[PDB]
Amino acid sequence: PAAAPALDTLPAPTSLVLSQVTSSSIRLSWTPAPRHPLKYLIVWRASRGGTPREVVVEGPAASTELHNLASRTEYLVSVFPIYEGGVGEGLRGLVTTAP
């Protein structure tokens, strides 16, 4: 409905790496800013139309794995940093899971 705007001005992690792609999982990796957040918001959805899925992880996290993904499917994957100053603009990329 009313999605939450992201502040494009905030320390963000850098260099998103999407690896270990299986039929149902991908690994997400990023380079965190020197100031570690309280949390990170991670968002993934099927690129062709599907309800977005989310998980929030901690500030000093440098990795998390997404699971239970549908096979042969393209996902938009996003990483949102969560500090006290709001929600920051993050990293994103497309990955298609193995058959």
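One rule holds for the numbers: they count along the sequence shown, beginning at 1.
Greater mean Cα temperature factor according to the PDB record, 59 to 67 or 46 to 54 | The entry gives the higher C-alpha B-factor average to 59 to 67.
So which stretch wins on mean C-alpha B-factor, 37 to 45 or 69 to 77?
-> Higher of the two, by average CA B-factor, is 37 to 45.
From the list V95, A98, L7, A3, select the residue with the highest C-alpha B factor recorded in the entry.
-> Spelled out: the listed residue with the top C-alpha B-factor is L7.
Highest Cα B-factor in the deposition, which of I82, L91, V17, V21?
-> The C-alpha B-factor peaks, among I82, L91, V17, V21, at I82.
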